[PDB]
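First comes the structure, then the notes that go with it.
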Amino acid sequence: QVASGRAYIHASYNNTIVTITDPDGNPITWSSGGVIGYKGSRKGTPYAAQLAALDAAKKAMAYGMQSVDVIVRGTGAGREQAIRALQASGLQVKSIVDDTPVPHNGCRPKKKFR
Amino acid sequence: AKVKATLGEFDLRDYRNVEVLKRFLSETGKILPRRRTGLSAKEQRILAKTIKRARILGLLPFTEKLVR
Amino acid sequence: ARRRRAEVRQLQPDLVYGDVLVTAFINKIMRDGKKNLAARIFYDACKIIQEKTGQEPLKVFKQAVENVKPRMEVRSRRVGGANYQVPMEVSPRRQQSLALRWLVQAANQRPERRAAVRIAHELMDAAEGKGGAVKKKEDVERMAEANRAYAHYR
RNA sequence: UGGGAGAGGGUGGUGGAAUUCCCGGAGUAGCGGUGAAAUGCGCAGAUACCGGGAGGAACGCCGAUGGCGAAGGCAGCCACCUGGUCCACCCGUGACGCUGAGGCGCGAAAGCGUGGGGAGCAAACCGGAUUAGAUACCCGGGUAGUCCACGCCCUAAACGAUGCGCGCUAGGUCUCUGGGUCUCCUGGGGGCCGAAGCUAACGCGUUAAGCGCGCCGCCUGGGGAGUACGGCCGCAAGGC
Ligand SMILES: [Mg+2]
Ligand SMILES: [Mg+2]
Ligand SMILES: [Mg+2]
Ligand SMILES: [Mg+2]
Ligand SMILES: [Mg+2]
Ligand SMILES: [Mg+2]
Ligand SMILES: [Mg+2]
Ligand SMILES: [Mg+2]
Ligand SMILES: [Mg+2]
Ligand SMILES: [Mg+2]
Ligand SMILES: [Mg+2]
Ligand SMILES: [Mg+2]
Ligand SMILES: [Mg+2]
Ligand SMILES: [Mg+2]
Ligand SMILES: [Mg+2]
Ligand SMILES: [Mg+2]
Ligand SMILES: [Mg+2]
Ligand SMILES: [Mg+2]
Ligand SMILES: [Mg+2]
Ligand SMILES: [Mg+2]
Ligand SMILES: [Mg+2]
Ligand SMILES: [Mg+2]
Ligand SMILES: [Mg+2]
Ligand SMILES: [Mg+2]
Ligand SMILES: [Mg+2]
Ligand SMILES: [Mg+2]
Ligand SMILES: [Mg+2]
Ligand SMILES: [Mg+2]
Ligand SMILES: [Mg+2]
Ligand SMILES: [Mg+2]
Ligand SMILES: [Mg+2]
Ligand SMILES: [Mg+2]
Ligand SMILES: [Mg+2]
Ligand SMILES: [Mg+2]
Ligand SMILES: [Mg+2]
């Protein structure tokens, strides 16, 4: 158990996945838009991301954690909402960092992205 | 509020002067455009070449995470 | 209308209590221009309210309207190839309109033989916690709650 | 002779970001995808997270109406070999020039042959949706190919749809790169607006589509047709 952890927010255009990790990056718990009973395009809504972040944070408190550093990857619709929900869920949010992976002109994208 | 303006004379080809050269990088470790810096086009070319040399040498970063 | 906003009609306060809400309720009860019949229906309902649950009939009426008032409602909207029930707020004027319409409809759905007893029974039903109109309001608000994901589609 | 700028070309190295795969850890009920879904993937433990390793391909910011090249084209960084071009000095030669039917060389992509390589993407192909049907558009997969060496192929909206050289004819403005007497003047490139002039008009206008001279290529109503036949070239596709 630990009172300090990390919050990874993976906000694609179709879903938002939130994971709580120990200070060594090993996950303790996670939640997504589908974990709450949403399917399809509704998983991508901001409100679904808010619920997923609240659910993951609630599980983290049920584990006995009090502060999380937030890492956000992706530019989906539910990004800001999930970050704010973490900010006002009962956890000390010391810092928020953006870590979306971008290539330095690497692999060829799929046709839809060209 | 320009990087060139707030500095003295220095070598544009110096690939070891970390303190001066880092002033020409954004918060995430990206080379600044002519708008922010204030050098001429040739000076910007020399600066970009030296910055890449220093990146290879391991002094200046390639990228840094954005912090809100 | 495209040009401007519709100007609301100011009803005349009723000649028994000086309450425009009573006038609006009577207008909702009335049909085919039979205003005297609607007023008599309402006043017979008021008398029956006086008999059973012997508090002020005006108090029971206002409590019923306050209980039936809805705070959320869903409006249809087609986006792309799908129709969405967007939850939206209700202005107080539309709140009153919906409450009165639902009260009158629910009263007319009751199986009592006379209308004057139907209105009174529905009013004192909605006064506490029950009635058809309260059920309709709960259904509407549940529908609006079960669509909070689409609150951005307005 | 002295200097300059440059993704000009060839060869050898090596830097990180990211995708994929494998190993280990931790962890659980879905992930992915769309207009909406479904195929698919996942309790035989996926997705999201951390650490390690391997491999291939492409070089974010700088970066541009920027630069280089005869054209096609050229972009991480370093070293070597090599082409073109510009300015200053006004030093040498002494018309040694321009153009160019044939010839020779180069020539995007796709394609072909023999070896290698193969992450990602992706013709053909398979499946799911959509639809009246859907041999498509959208989605999940997927082989050549895309990459390297050598050898062929020789085409294009290979376009500025504008052959090359030289001289002459108001300016204004933006920009790259030199020299100076560095306010400003004087060279060489790249754009925008406009004198006169030109044009059917659109527009062009010292980077001419203006005024002239030299040489080359090409046109003569539309279709048939860049077809047929003959000839030459190519392994073939096919090219002239
Ligand atoms: Mg979805
Ligand atoms: Mg009108
Ligand atoms: Mg399963
Ligand atoms: Mg796993
Ligand atoms: Mg491999
Ligand atoms: Mg070239
Ligand atoms: Mg050259
Ligand atoms: Mg001389
Ligand atoms: Mg002589
Ligand atoms: Mg001549
Ligand atoms: Mg000839
Ligand atoms: Mg070729
Ligand atoms: Mg090409
Ligand atoms: Mg090729
Ligand atoms: Mg081949
Ligand atoms: Mg199909
Ligand atoms: Mg059908
Ligand atoms: Mg496909
Ligand atoms: Mg694929
Ligand atoms: Mg393949
Ligand atoms: Mg061309
Ligand atoms: Mg032509
Ligand atoms: Mg011509
Ligand atoms: Mg010619
Ligand atoms: Mg010029
Ligand atoms: Mg000019
Ligand atoms: Mg112009
Ligand atoms: Mg003009
Ligand atoms: Mg001009
Ligand atoms: Mg002409
Ligand atoms: Mg003729
Ligand atoms: Mg032919
Ligand atoms: Mg023949
Ligand atoms: Mg042959
Ligand atoms: Mg042909």
Side-chain angles (χ1 to χ4, degrees), chain A residues 1-2 5-23 25-45 48-49 52-53 55-56 59-60 63 68-74 76-78 82 97 99-111 113-114, chain B residues 3 12-13 15 21-22 24-66, chain C residues 77-82 84 149-150 153:
Chain A
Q1 329 282 83
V2 64
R6 312 206 286 215
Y8 292 89
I9 294 168
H10 183 257
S12 92
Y13 279 129
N14 290 140
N15 203 337
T16 278
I17 289 157
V18 173
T19 89
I20 312 291
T21 42
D22 87 315
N26 301 311
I28 295 141
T29 177
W30 67 276
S31 147
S32 73
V35 177
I36 312 121
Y38 281 5
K39 269 140 129 58
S41 65
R42 228 193 272 211
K43 282 189 312 190
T45 50
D55 184 89
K59 278 204 268 282
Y63 268 86
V68 289
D69 258 339
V70 194
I71 309 104
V72 51
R73 278 162 194 168
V97 70
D99 204 12
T100 182
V102 316
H104 292 6
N105 244 6
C107 290
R108 184 172 173 102
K110 250 148 43 152
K111 182 214 173 144
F113 296 106
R114 279 181 41 245
Chain B
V3 182
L12 274 152
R13 316 213 154 99
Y15 57 96
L21 291 171
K22 182 205 29 183
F24 289 101
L25 289 175
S26 100
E27 193 243 15
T28 48
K30 287 160 198 134
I31 315 174
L32 256 45
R34 283 232 263 139
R35 158 196 63 242
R36 277 293 321 281
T37 64
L39 312 109
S40 62
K42 154 185 217 166
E43 292 164 13
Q44 256 278 76
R45 286 197 300 273
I46 299 155
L47 171 81
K49 185 153 292 273
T50 59
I51 279 183
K52 294 182 208 117
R53 268 184 192 187
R55 274 192 180 133
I56 306 288
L57 268 193
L59 306 161
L60 305 177
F62 287 96
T63 161
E64 319 238 34
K65 276 191 259 238
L66 175 41
Chain C
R77 222 151 193 143
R78 197 214 29 102
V79 41
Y84 291 59
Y150 307 136
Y153 268 152

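Letters go in sequence order (proteins before strands), and every chain restarts at 1.
Nucleotides D:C41 and D:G30 are base-paired: the Watson-Crick or wobble atom pairs both lie closer than 3.5 Å. Between D:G83 and D:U169 there is no Watson-Crick or G-U wobble pairing whose two distances both come in under 3.5 Å. By the Watson-Crick or G-U wobble test, with both distances required under 3.5 Å, D:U39 and D:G92 do not count as a base pair.
The CD-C1' distance, from B:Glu27 to D:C61, rounds to 14 Å in whole Å. Residue B:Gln44 contributes atom CD, which lies 15 Å from atom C1' of D:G67 at whole-angstrom precision. Straight-line distance from the CG atom of B:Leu60 to the P atom of D:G15: 16 Å, rounded to whole Å. One interatomic measurement links the two molecules: NZ of B:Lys52 to P of D:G16, which rounds to 17 Å at whole-angstrom precision. Distance A:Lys39 NZ to D:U34 P: 17 Å, rounded to the nearest Å. The nearest whole Å value for the distance from the CD1 atom in A:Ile28 to the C1' atom in D:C49 is 11 Å. Going from atom CD1 of A:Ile20 over to atom P of D:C50 covers 14 Å, rounded to whole Å.
Relative to the side chain of A:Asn105, the nucleotides D:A122, D:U19, D:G60 differ in distance, and D:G60 lies closest. In this structure, the nucleotide among D:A17, D:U28, D:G60 sitting nearest to the side chain of A:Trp30 is D:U28. When the nucleotides D:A18, D:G60, D:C121 are ranked by their closest atom to the side chain of A:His104, D:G60 comes out on top. Comparing D:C49, D:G120, D:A79 by their nearest atom to the side chain of A:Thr19 picks out D:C49. For A:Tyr63, the side-chain atoms get nearest to D:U28 when compared with the rest of D:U28, D:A48, D:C49. Comparing D:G15, D:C31, D:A36 against the side chain of A:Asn15 picks out D:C31 as the nearest. For B:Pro33, whose side chain is taken as the heavy atoms from C-beta onward, the closest listed nucleotide among D:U19, D:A5, D:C62 is D:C62. Listed nucleotides: D:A5, D:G15, D:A18. Nearest to the side chain of B:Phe62: D:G15. The side chain of A:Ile17 approaches D:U47 more closely than any other nucleotide in the set D:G76, D:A26, D:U47. Here D:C138 is the nucleotide among D:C138, D:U177, D:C49 with the atom lying nearest to any side-chain atom of A:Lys111.
Residue B:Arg53 places at least one side-chain N or O under 4.0 Å from the OP1 or OP2 atom of D:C78. The phosphate of D:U34 has neither OP1 nor OP2 within less than 4.0 Å of any side-chain N or O from A:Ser41. A:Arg73 has a side-chain polar atom (N or O) that falls below the 4.0 Å cut-off from OP1 or OP2 of D:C49. Here A:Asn14 reaches the OP1 or OP2 of D:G33: one of its side-chain N or O atoms lies under 4.0 Å away. Within the 4.0 Å cut-off from OP1 or OP2 of D:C176, at least one side-chain nitrogen or oxygen of B:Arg34 is found. Side-chain nitrogen and oxygen atoms of A:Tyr13 include none within less than 4.0 Å of the OP1 or OP2 phosphate oxygen of D:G32. For the OP1/OP2 pair of D:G178 and a distance below 4.0 Å, the side-chain nitrogens and oxygens of B:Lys42 include at least one atom meeting the criterion. A sub-4.0 Å separation between OP1 or OP2 of D:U19 and a side-chain N or O of A:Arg108 is absent. Under 4.0 angstrom from either OP1 or OP2 of D:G33 there lies no side-chain N or O belonging to A:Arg42. The phosphate of D:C31 (OP1 or OP2) has a side-chain N or O of A:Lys43 nearer than 4.0 angstrom. Taking only side-chain nitrogens and oxygens, B:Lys30 never comes nearer than 4.0 Å to OP1 or OP2 of D:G60.
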Derivation and outcome, side chain to side chain contact (heavy atoms under 4.5 Å, CB included), residues B:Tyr15 and B:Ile56: CA-CA 10 Å; B:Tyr15 57 96; B:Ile56 306 288; over 6 Å; no

Pair B:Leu39-B:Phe24, side chain to side chain contact (heavy atoms under 4.5 Å, CB included): steps then yes or no: CA-CA 11 Å; B:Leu39 312 109; B:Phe24 289 101; 3.5 Å; yes

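Each of B:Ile31 and A:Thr29 lies near RNA chain D, and the nucleotide nearest A:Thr29 is the one positioned closer to the 5' end. Remark on RNA chain D: of its neighbouring residues A:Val102 and B:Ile46, the 5'-side contact belongs to B:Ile46, judged by nearest-heavy-atom nucleotide.
For the pair A:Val97 and B:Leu66, the tightest heavy-atom approach, listed with the atom from each and the gap, is CG2-O, 3.2 Å. Contact record, B:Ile46 with B:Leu12: CG2-O, 3.3 Å, taken as the closest heavy-atom pair.
The same atom, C1', is picked in D:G35 and in D:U131; the two are 15 Å apart, to the nearest Å. Taking the P atom of each, D:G60 and D:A5 are spaced 24 Å apart, rounded to whole Å. Comparing D:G167 with D:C86, their P atoms sit 14 Å apart, to the nearest whole Å. For the P atom pair drawn from D:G141 and D:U14, the interatomic distance equals 36 Å after rounding to whole Å. Distance noted for atom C1' between D:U207 and D:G83: 25 Å (whole Å). Distance noted for atom P between D:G238 and D:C216: 38 Å (whole Å). One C1' atom belongs to D:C159, the other to D:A119, and the distance between them is 38 Å to the nearest Å. Atom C1' of D:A26 sits at a distance of 12 Å from the matching atom of D:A48, rounded to the whole Å.
Base pairing analysis places D:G115 opposite D:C148; the two distances defining the Watson-Crick or G-U wobble pair are each below 3.5 Å. Taking a pair to require two hydrogen-bonding distances under 3.5 Å in either a Watson-Crick or a G-U wobble arrangement, D:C213 pairs with D:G165.
Base contact: B:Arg55 has a heavy atom under 4.0 Å from a base atom. Among the atoms of the strands shown, none is found under 4.0 Å from any heavy atom of A:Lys59. Using a 4.0 Å heavy-atom cutoff across all strands shown, A:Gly34 reaches sugar-phosphate atoms only and no base atom. Among the protein residues, A:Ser32 comes within range of the sugar-phosphate backbone only, with heavy atoms under 4.0 Å from sugar or phosphate atoms but none that close to a base.
Open room surrounds CD on A:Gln1; 12 or fewer heavy atoms of other groups in view lie less than 6.0 Å from it.
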